[PDB]
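> Here is the sequence, then the experimental structure:
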Amino acid sequence: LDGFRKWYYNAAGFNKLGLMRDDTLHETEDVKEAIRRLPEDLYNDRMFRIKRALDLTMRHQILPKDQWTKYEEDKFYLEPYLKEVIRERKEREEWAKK
Amino acid sequence: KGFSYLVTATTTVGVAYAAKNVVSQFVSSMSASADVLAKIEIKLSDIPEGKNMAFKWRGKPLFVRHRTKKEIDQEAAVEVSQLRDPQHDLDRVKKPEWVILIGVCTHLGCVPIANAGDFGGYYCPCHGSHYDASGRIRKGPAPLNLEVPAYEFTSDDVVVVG
Amino acid sequence: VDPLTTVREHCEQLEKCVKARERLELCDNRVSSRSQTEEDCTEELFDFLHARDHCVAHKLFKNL
Amino acid sequence: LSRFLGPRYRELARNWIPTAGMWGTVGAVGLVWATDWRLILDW
Amino acid sequence: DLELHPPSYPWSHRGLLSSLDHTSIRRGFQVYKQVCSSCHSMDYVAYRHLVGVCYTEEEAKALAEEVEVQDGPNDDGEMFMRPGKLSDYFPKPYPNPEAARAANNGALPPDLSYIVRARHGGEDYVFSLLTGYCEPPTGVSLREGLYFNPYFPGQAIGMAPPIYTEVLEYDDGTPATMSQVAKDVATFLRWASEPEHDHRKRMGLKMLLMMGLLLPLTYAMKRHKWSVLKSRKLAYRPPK
Amino acid sequence: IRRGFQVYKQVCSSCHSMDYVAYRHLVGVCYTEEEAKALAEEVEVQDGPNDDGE
Amino acid sequence: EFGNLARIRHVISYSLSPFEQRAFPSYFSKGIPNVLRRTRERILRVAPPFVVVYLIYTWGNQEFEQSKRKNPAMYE
Amino acid sequence: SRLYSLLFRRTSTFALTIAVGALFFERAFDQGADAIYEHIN
Amino acid sequence: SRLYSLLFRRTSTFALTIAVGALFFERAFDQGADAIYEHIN
Amino acid sequence: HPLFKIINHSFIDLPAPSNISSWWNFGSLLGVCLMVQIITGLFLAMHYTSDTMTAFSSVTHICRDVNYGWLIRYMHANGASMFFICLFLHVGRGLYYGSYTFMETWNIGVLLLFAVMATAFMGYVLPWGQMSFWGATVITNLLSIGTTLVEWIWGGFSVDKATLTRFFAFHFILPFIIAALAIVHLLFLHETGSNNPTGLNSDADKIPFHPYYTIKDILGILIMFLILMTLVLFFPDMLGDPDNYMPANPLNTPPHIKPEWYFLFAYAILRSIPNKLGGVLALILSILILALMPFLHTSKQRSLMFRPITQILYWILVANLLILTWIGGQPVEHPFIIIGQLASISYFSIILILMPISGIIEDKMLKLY
Amino acid sequence: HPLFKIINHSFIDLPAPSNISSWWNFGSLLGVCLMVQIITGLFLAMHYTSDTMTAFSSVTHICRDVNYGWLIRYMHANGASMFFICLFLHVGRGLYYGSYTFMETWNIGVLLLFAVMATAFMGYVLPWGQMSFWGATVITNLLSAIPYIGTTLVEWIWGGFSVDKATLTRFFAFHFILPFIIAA
Ligand SMILES: CCCCCCCCCCCCCCCCCC(=O)OC[C@H](COP(=O)(O)OCCN)OC(=O)CCCCCCCCCCCCCCCCC
Ligand code: HEC
Ligand code: HEM
Ligand code: HEM
Ligand code: HEM
């Protein structure tokens, strides 16, 4: 299964652009909030990763495969921050519902 | 408050009454003018059995057709109830040998093409509606049978359709 | 005095042409044999015509 | 959709309902009158 | 539909920059004048159209003055006929389409001005129809005033076969074989349906030369102004 | 207006034209429809070309 | 608006003047490899729908013809 | 005072009274106006 | 290099060279193009 | 200067993503095509007469007697075709790269699409050929409060001069409303900025527009003009119908009735549904399904650059859109009908059902769902 | 909301002087008159034919056979007159109260005035009456004053030796298209 997941990871191709899964997530308020909560190091690094991708795209080129992020290499750095934001939102929403 | 608002409410109706009137005439302008809003001639001898003829009566093809023994025989055989539109062949014709129809496809208004189709009557190349000789919609998406104008069999060889 | 007919003449020689023509013959007799059939041979002939005409044109204007 | 339609929200639903009906009514009267819908006007 | 799609012919104007053969347009105009003008009309082609094309002002002039044209009731309510002028259009065969119906056994001969443009694969169709009056096969029978032309829709064209070999004599003397006549009238009708065929193709040639000059130069300007970015090297230098 | 239409019909129509006023206009208070219909059928205006062609 | 768009820090972006660099550096040198690289990452997602459109189109045409072709058994 | 509190204070009702009134006003206006025009001519 | 310093560096002169060239280009283009079209047909 | 400053802010110096491909040219091409159409339309309006006795005669007079009038007429017709080509590719770019999340821009877009289709329909009615008249009658009755509405538009019992003249007025006036709606379209977008093919936040890499995406738009304009002039000067009738070169005969019906090719996909759908009303509705939905599109986005990634299963579904959607375009052309007979029925079922099921389920599956594969 | 912000910015929360008299109404009236003209003009365009054989016949058909067509035609004509009344009073307000020191607004105004005069001239040519024909001739030849191209210009605009159908049709096109430029 995960083998195919890695194949799908390759399929996604953000590795070709060295894009962490979190990098790929389309920006959303919750995402933005989580991003805000991100420490500077992650933020700064995330920025360069994103910028790099765009440039590669501009030239219609991909990183050297070796530079490519491995399925294993990819990290869900923002995942936790997002989890918190979501839960909080859920809480407030429920409060409103009731 | 009721004095001041009543004036607002009064005024509104007035404006509302004028606004409907202005908008009404405009809307009405696009409606048919007097010229359009403001006779027929056919000759039975003109058509022989198994043929249709139209005289563009009222700006629309006025199909006038003669039918054969067989033609007349099948149309009667057609199941009126099973017809998409229940109207037995004779129901739309004063003469079995003589059938008269208006050529506007119940569907989107094209001209049905006579002497073509899978029901030996009509076919509309626009969306595939097949009309029998009676002009009844038998197959396709046409909603209702072709209309039969209130014609007049003026003579054995003359007709005044509507 | 028609180059076109001459073209057709050469076309006649074409084997594909005779094949189609043969079919037409079958049906003509076929139609005749079937006293009351609306089985026409336009179906067959059209086919013949197409080939014949298509080849004819291939070598028709050049000859013209 | 409880986020905007929770138990508390239902309360608001009924609270506003009357006003909503009034607005439809106004539009209804207008349609009848403006388009001279005569099926309703005739009554 | 149920007809032989006319076989394409190697026309002299078939090519992408290939103009019309104007001698063939002149011969086809002669074919129309002597044969086709008895039944078919050319309402959108005035005699002036001929001028400058296979015919000069004076050439057309004599051609225009060979015919007579009612020039209205003048000032005495006197409908009167006058010799045609370079401004006169081609004469009607019939005053109204119902006279055409009465004279052609119920059939209406259509305007041949845009026939080639109005008929799918017209040039071919025309040639084929005029040269396709073959005998009806067994099983098909046509009524009077009908002819089995495989190409004609239904294969039952009221028009009787109008081009018999040596039907008319070409003034140029080119043998008037049925075909030579059908090809000439197809070229002419084509010209009729598009008098600008030649002028356009010239424009198209100038357009291809100008685009072949201008596309790599505009591409070079774009690649100049986009090289800057396309060479930009980004480096991430966290202070670390 | 009815009397003046009679004046135009009997006197003024011999020389003067009324190109933009059809018998349709006649229909009305001064002239009812069938009054108009008889007035219109008094004349015999050429309809135009025939299927024959004339 | 340029400026106050987003927070970017600790990055160095180098560049060259247009007139200082070749206009088409290795244009066909790497362009071809890249274009080919590109086509092989997208051809399996793009092409087979249009392949089966071509098969359905041909099929329809031929089927239609056969449909039109007279039934020999019929009329005999 | 009752009217204000009943049909002119709630905007929805304000609209209702306006629309309904207008619906009838036309009848009255046309009728009255026509009477006048006829009397005049 | 001389041309740049003479007719392509000062924008005013840049325009001058463009306009003048265009004035003559038409003559040349039309002539050359026509030759080709004629040769073709 | 305030205005120039405004322009500078909107055109000369507007932050734009550095990596947008050639597909982002297409909308600017549409604007150019609009201007081209308007300009050519104005030069058709100085000689066209909207009278049923003289409309075909005026069109032939334009083609034969006005100096380069054939050029302006065929530029107008093939520019309408180029407008619909650029419109379809613009909509396909918006569908593929997730640009429909700009919801106000998308809704102003689908309003513009409806207006452009109505303008092209009435413009095709305008030359008053055989094909224009028969097509006209069909669509009006499509509206059949139905009967009244149809008669209203027709302005009489059946399309006749009454229609032609009001269709000339409406076809004249709607491209200026299209230009105003395009200004609103541009506004609702600059508030958010354009999207990039990766679908990510491109705020870290934005460049000016004057020297980078202007010369790119100029090059795209030049290529579009090359295709338009090779459509006009070399194959002026490959996209039109020959039967439009005959005069409008109400007595004679054509053997096969079509709209022009860009209406075909819709035509197929209409023909597919057995019920007349059903067809009309589905037809409308065909266009409207797009508006409905921003509420069907169930993925955490905006673009389809990193989404291969939805890429496959998108290209299957483009495939059966081409199939529906072909079917419309084919006549009513087996098996064209069945394909039409399936193709319509597959079109609505891919847009409505298959893409959000695929986006959920793709989110599950990245350990996001 | 970016569409409602401009509407708010120009019509709701716009700070206006408290003491401006009724003369300051007139420009808004002009805008209303412009729409009114456009609306009435659109409903004249659904029945008008720009052919010299049929233009007078189409105008009489509008007045006699179209339902309330006389109303829309005379509303269009008297709305052009009302447009020029409001325009003259707007210009007189600008001259009297020193509003010409808003120089860009004044120059866009005089451009609008030239466009409105040209639109009204060609619109008056449009019904193809006795007055219209000669009047058009005079003004086209008015251009003839030009020393070199005067005749050519007159010829160009006329589209022929003398005003005739060629003019009427292009005057219909220009009279149609200029009020949208006036709106911009
Ligand atoms: C299982 C995949 C095996 C792949 C083996 C190839 C080698 C892979 C390893 C080496 C790398 C080669 C280059 C890789 C390029 C990019 C990766 C790639 O191509 O991946 C395979 C691709 C995506 O795979 P995925 O989306 O996960 O598969 C789900 C299938 N639905 O999937 C595909 O490309 C498959 C696409 C199949 C599409 C079939 C469509 C059939 C139906 C079309 C209907 C059209 C309309 C018909 C008419 C309707 C109306 C009547
Ligand atoms: C000169 C050699 C020509 C050419 C090139 C054509 N014709 Fe005729 N024509 C005549 C009639 C009565 C008809 C209508 C018949 C019917 O509709 O049944 C025609 C028709 C045509 C067409 C149109 C074919 C179509 O598909 O509509 C064409 C392309 C055509 N013709 C070519 C009558 C005559 C004549 C009087 C006997 C003669 C002479 C010609 N035609 C000559 C020519
Ligand atoms: C306001 C600007 C426009 C004007 C004044 C205008 C005017 C005209 C006129 C007079 C015609 C008839 C001449 C002819 O037959 O070609 C016409 C035809 C046409 N127009 Fe327009 N038009 C305009 C904009 C557009 C636009 C934006 C489109 C595209 C949606 C369009 C599509 C068409 C089409 C398809 C035809 C039919 C061409 C043909 O005969 O094949 N027009 N237009
Ligand atoms: C009348 C024809 C149209 C014109 C003139 C037009 C004009 C434009 C322009 C100039 C742009 C900005 C440049 C670009 O990104 O390409 C644009 C972008 C856009 N348009 Fe349109 N458009 C038209 C039709 C449509 C339609 C029909 C839609 C809806 C499907 C649409 C939706 C969009 C979207 C979503 C964008 C944003 C592009 C992105 O950031 O990815 N447009 N349009
Ligand atoms: C775009 C909007 C407009 C359209 C479509 C339009 C169209 C027309 C048409 C078809 C006519 C001839 C019918 C008639 O005789 O009344 C006409 C007449 C006229 N128009 Fe316009 N018009 C427009 C705007 C205007 C404006 C803004 C003015 C004022 C400057 C104007 C002034 C006139 C005048 C003075 C006439 C002559 C009326 C008469 O016969 O006495 N029009 N217009």
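Structure's in. What do you need? Residues are numbered from 1 along each chain as shown, chains lettered A, B, ... in the order given. Ligands and ions are numbered 1, 2, ... in the order given.
> and chain D, which residues reach chain H?
Chain D has residues D:19, D:22, D:23, D:25, D:26, D:29, D:30, D:32, D:33, D:41 near chain H, with proximity defined as Cβ under 8 Å from any Cβ of the partner chain. For the C-beta atoms, the positions are set from N, CA and C on the backbone; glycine is no exception.
> Just the buried residues of the residues you listed.
D:22, D:25, D:26, D:29, D:30, D:32, D:33 (16 or more other Cβ atoms under 10 Å in any protein chain shown).
> any idea which element the fifth one lies in?
Spelled out, it's residue D:30. In this assignment (DSSP states H and E), residue D:30 forms part of helix D:7-34.
> That helix and chain A, are they touching?
Yes - using Cβ under 8 Å from any Cβ, helix D:7-34 comes into contact with chain A via D:7, D:8, D:9.
> Derive a PyMOL selection command for the buried subset of these.
Buried members of the residues of helix D:7-34 next to chain A can be picked out in PyMOL with the line below, counting by 16+ other Cβ under 10 Å:
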select buried, chain D and resi 9
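> Switch the residues of helix D:7-34 next to chain A over to TSV; also include distance to residue E:155.
Shown next, in TSV, are the residues of helix D:7-34 next to chain A (distance: Cβ to Cβ, whole Å):
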residue	distance to residue E:155
D:7	78
D:8	79
D:9	74
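> Closest one of the residues of helix D:7-34 next to chain A to chain C?
For the residues of helix D:7-34 next to chain A, the closest approach to chain C (Cβ to the nearest Cβ) belongs to residue D:9, at 72.2 Å.
> How about the contacts made by that closest one?
Contact analysis of residue D:9 by Cβ atoms under 8 Å, 6 or more residues apart in numbering or on different chains lists A:97, D:2.
> Measure how buried residue 34 is and give me the count.
As the question left the chain open, I've gone with chain A. 22 (other Cβ atoms under 10 Å in any protein chain shown).
> Not quite, go with chain J.
Counted with other Cβ under 10 Å, residues neighbouring residue J:34 total 20.
> and what of residue J:204?
Residue J:204 has 22 nearby residues by other Cβ under 10 Å.
> Any residues of chain G in contact with chain J? List them.
So chain G meets chain J at G:1-2, G:5-6, G:8, G:45-46, G:49-50, G:52-53, G:56-57, G:60, G:63-64, G:67 (Cβ under 8 Å from any Cβ).
> again, only using 6 Å
G:2, G:5, G:6, G:8, G:45, G:46, G:49, G:50, G:53, G:63, G:67 (Cβ under 6 Å from any Cβ of the partner chain).
> anything in the helix or strand containing residue J:310 near chain E?
If you go by DSSP H and E, residue J:310 is part of helix J:308-329. No - contact between helix J:308-329 and chain E is absent, the nearest approach being 13.3 Å (criterion: Cβ under 6 Å from any Cβ).
> report the angle between the axes of the helix or strand just after that helix and helix J:308-329?
Going down the chain from helix J:308-329, the next helix or strand is helix J:336-349, by DSSP H and E. Interaxial angle of helix J:336-349 relative to helix J:308-329 (axes from the mean of the first three to the mean of the last three Cα atoms, to 10 degrees): 150 degrees.
> where does the closest residue to chain C within chain D land in three-state SS?
When distances are taken as Cβ to the nearest Cβ, chain D reaches nearest to chain C at residue D:39, 55.1 Å away. For residue D:39, the secondary structure call by DSSP: H, G, I helix; E, B strand; the rest coil comes out as helix.
> by contact count, what packs against the lengthiest helix in chain H?
If you go by DSSP state H, chain H has its longest helix at helix H:11-40. Packing contacts for helix H:11-40, counted by 3 or more Cβ pairs under 6 Å, 6 or more residues apart in numbering or on different chains; DSSP states H and E, involve helix B:2-29, helix D:7-34.
> How about residue 22: what's its closest non-neighbour residue?
Looking at chain A here, since you left the chain open. Distances taken as Cβ to Cβ, 6 or more residues apart in numbering or on different chains place residue A:78 nearest to residue A:22, at 4.0 Å, with adjacent residues excluded.
> Chain J is the one I meant
Once flanking residues are discounted, residue J:22 sits nearest to residue J:220: 6.8 Å by Cβ to Cβ, 6+ apart.
> so the one you found makes contact with residue J:23?
No - Residue J:220 is beyond contact range of residue J:23, at 10.1 Å (criterion: Cβ atoms under 6 Å).
> just to revisit the earlier point, which of the residues of chain G next to chain J fall within helices?
Counting by DSSP H, the residues of chain G next to chain J place G:45, G:46, G:49, G:50, G:53, G:63, G:67 in helices.
> of all the residues you listed, which comes closest to residue A:8?
Of all these, the one sitting nearest residue A:8 is residue G:45; the distance, using Cβ to Cβ, is 13.3 Å.
> where's the residue nearest to the closest one when sequence neighbours are not counted relative to residue G:37, distance?
Ranked by Cβ to Cβ, 6+ apart and with sequence neighbours excluded, the top spatial neighbour of residue G:45 is residue J:311, at 4.8 Å. Applying Cβ to Cβ, to the nearest Å, the value for residue J:311 to residue G:37 is 18 Å.
> Pick out whichever of the two has more residues nearby.
residue J:311 (18 against 13).
> Quickly note the distance from the more buried one to residue E:52.
58 Å.
> cool, residue E:230 as well?
Distance, residue E:230 to residue E:52, by Cβ to Cβ: 54 Å.
> neighbour count winner among those two?
Between residue E:230 and residue E:52, counted using other Cβ under 10 Å, the more crowded position is residue E:230 (16 against 12).
> Just the element for that one, please.
Applying DSSP H and E, one finds residue E:230 within helix E:197-231.
> For whatever helix or strand comes next after that helix, which strands pair with it and how are they oriented?
Following helix E:197-231 in sequence order, the next helix or strand is strand E:233-236 (DSSP H and E). Strand E:233-236 pairs in its sheet with strand G:11-14 (antiparallel), by DSSP bridges.
> and for the partner strand, what are the contacting residues?
Applying Cβ atoms under 6 Å, 6 or more residues apart in numbering or on different chains, the external contacts of strand G:11-14 come out as E:233, E:234, E:235, E:236, E:237.
> What count of nearby residues applies to the fourth one?
Put plainly, it is residue E:236. Neighbourhood size, residue E:236 [other Cβ under 10 Å]: 15.
> wait, isn't it in contact with residue A:46?
No - using Cβ under 6 Å, residue E:236 is not in contact with residue A:46, being 11.0 Å away.
> so how far is ligand 1 from the residue nearest the centre of chain C?
By Cα atoms, centre = their mean, the mean C-alpha position of chain C lies nearest to residue C:48, the distance being 3.7 Å. Here residue C:48 is placed at a distance of 35 Å from ligand 1 (Cβ to the nearest ligand atom, to the nearest Å).
> now, among the residues of chain G next to chain J, which is nearest to residue C:11?
Checking these one by one against residue C:11 (Cβ to Cβ), the nearest turns out to be residue G:67, at 29.6 Å.
> about what we covered before: now the longest helix of chain H against helix B:2-29, angle please.
Going by the same axes, to 10 degrees, helix H:11-40 makes 70 degrees with helix B:2-29.
> secondary structure class for residue J:258?
Counting by three-state DSSP, the backbone at residue J:258 sits in coil.
> For residue G:40, what are phi and psi?
Backbone torsions for residue G:40, taken as degrees, to the nearest 10, come to phi -80, psi -20.
> how many neighbours does it have?
By the criterion of other Cβ under 10 Å, residue G:40 has 9 neighbours.
> Could I get the full set of helices for the chain?
You didn't say which chain, so I picked chain A. Under DSSP H, chain A gives helices at A:2-12, A:21-24, A:29-37, A:40-58, A:79-97.
> Correction: the question concerned chain E.
Under DSSP H, chain E gives helices at E:22-34, E:47-50, E:57-65, E:97-103, E:115-118, E:122-130, E:178-193, E:197-231.
> got a markdown table for these, with distance to residue A:85 too?
A markdown table is the format used below for these (distance: least, Cβ to Cβ, whole Å):
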| stretch | distance to residue A:85 |
| --- | --- |
| helix E:22-34 | 79 |
| helix E:47-50 | 78 |
| helix E:57-65 | 86 |
| helix E:97-103 | 79 |
| helix E:115-118 | 67 |
| helix E:122-130 | 70 |
| helix E:178-193 | 70 |
| helix E:197-231 | 36 |
